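Report on one structure; see the data block that follows.
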Amino acid sequence: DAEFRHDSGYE
Amino acid sequence: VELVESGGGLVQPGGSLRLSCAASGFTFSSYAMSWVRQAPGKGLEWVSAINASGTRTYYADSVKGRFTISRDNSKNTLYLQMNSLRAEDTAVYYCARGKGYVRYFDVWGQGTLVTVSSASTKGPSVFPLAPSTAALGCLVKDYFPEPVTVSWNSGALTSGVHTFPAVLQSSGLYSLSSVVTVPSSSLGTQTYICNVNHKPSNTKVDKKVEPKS
Amino acid sequence: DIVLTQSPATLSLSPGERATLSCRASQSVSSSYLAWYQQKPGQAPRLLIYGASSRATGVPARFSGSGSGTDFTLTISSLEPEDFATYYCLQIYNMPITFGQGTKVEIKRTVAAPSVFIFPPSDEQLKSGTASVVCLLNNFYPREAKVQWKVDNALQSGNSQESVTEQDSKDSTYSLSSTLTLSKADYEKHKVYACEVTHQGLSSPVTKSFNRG
Ligand SMILES: *[C@@H]1O[C@H](CO)[C@@H](O)[C@H](O)[C@H]1NC(C)=O
């Protein structure tokens, strides 16, 4: 519930 | 489990506005959060997101560098600071709770309307559309911003009522009509009053609509 | 960015029919991260399906989701009246979070011709130097309708605006308002004001008119 999936560096 | 937004209103282009979302009924600090917007008549557009701790924020390209998402976990509140606002930021903004990484949004706020425009707040003029089954109505003209509400007979009359979506006139002000179809036999016996409320300008009008003399 | 393409853009279906809504992703999306939402006018989105196939609590069994990779489907087995709404898919598999542009599911019903009404400007409005002439097309189906304004047989082009309601919750019809704007001086210069309505339900155009005064 705590974090979003993303590629490193995404702004 | 609820999310309640506030802070919406009218701002000029280049302006700033802060939205808040008050969370209740769950452990706020446990959940990643997001803002999502919807321009009038258009689809849902993701705006910004933040992890549960507030340590990592995320932005859509359209708003990067202009908007800042933040949270205050000790206050069960999510924020969206909007700066350098543009006409195309006009929209209903929703806060949403992430659920699982976050896999979907499971709880949504009620939404808060943000209008970005150089036009000034202005209350409507209310004119009768007099009956010539009969139709009658009220023309709600020259107001800004959205929205206005219309009821008939203080809510007692709903059958056959149509309140049209507002149209932006070339003058930059909105106008809409609300009409009702009623038995011809009732004309001049039954009183028909359109109740108009433009909250942004604190303008309320009750207008009796009758056959013309 | 993962682009979600929803098709068809709109569906017109009868109660009891199967609705099949498609969401195609521009690259593979883990099915755990693909959800479907229902939205009705004035309301926040409501979670229907999460993880491609799981029904949210409270969602009836007639809703089912399926698919994987780049092709996802929401099926409503037998449409109930409360199922007519807009439906969005959402991916939270990778940033930026994206929504499909929505599929609007509308109620099919029988052809219904509009009842047409015309309203002169009120004397009250004339005091302020503008005249609004209103044409109402009431309770028609399908949505497609043409309104033509003539003032002393002069076709009016560009000085009118139209507004259409959502389908009526009782009869699934549309209504439409067209408003012609003139100056008082111009209004007083002419006699015959007419709105001509073309619709599938009308074998020939219907004209409503009044003579000023
Ligand atoms: C965001 O918060 C979550 C939950 O507290 C944590 O696991 C994650 O590492 C944080 N992400 C970043 C990039 O700081």
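One-based numbering, in listed order, for ligands and for the atoms of each. Lettering follows sequence order; numbering is per chain, from 1.
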> Any protein heavy atom under 4.0 Å from atom 2 (O) of ligand 1?
Replying inline: yes
> Salt-bridged, C/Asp71 to C/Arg24, with N to O below 4.0 Å?
Replying inline: no
>> Show the atoms of ligand 1 that are less than 4.0 angstrom away from any heavy atom in B/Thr55.
In response: 1 (C), 10 (C), 12 (C), 14 (O)
> Of all the non-hydrogen atoms in the protein, which one sits nearest to atom 4 (C) of ligand 1, and at what distance?
Replying inline: A/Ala2 CB, 3.4 Å
>> Between B/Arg37 and B/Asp89, does any NZ, NE, NH1 or NH2 come within less than 4.0 Å of an OD or OE carboxylate oxygen?
In response: yes
> Is the closest protein non-hydrogen atom to atom 7 (O) of ligand 1 under 4.0 Å?
Replying inline: no
> With a cut-off of 4.0 Å, which atoms of ligand 1 are near a heavy atom of B/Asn51?
Replying inline: 1 (C), 2 (O), 3 (C), 8 (C), 10 (C), 11 (N), 12 (C), 14 (O)
>> Which label fits B/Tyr58 and A/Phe4: parallel for a plane angle under 30°, tilted from 30 to 60°, or perpendicular past 60°?
In response: perpendicular
> Which residue owns the protein heavy atom closest to atom 9 (O) of ligand 1, what's the atom, and how far is it?
Replying inline: A/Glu3 OE2, 4.5 Å
> At what distance is the nearest protein heavy atom to atom 5 (O) of ligand 1, and which residue and atom is it?
Replying inline: B/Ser53 CB, 3.9 Å
> Looking at C/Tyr88 and C/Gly100, what are the two nearest heavy atoms and their distance?
Replying inline: CD2-O, 3.4 Å
> Do C/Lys104 and C/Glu166 meet the salt-bridge criterion of a basic N to acidic O distance under 4.0 Å?
Replying inline: yes
> Does C/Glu124 pair with B/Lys207 as a salt bridge, N-O distance under 4.0 Å?
Replying inline: yes
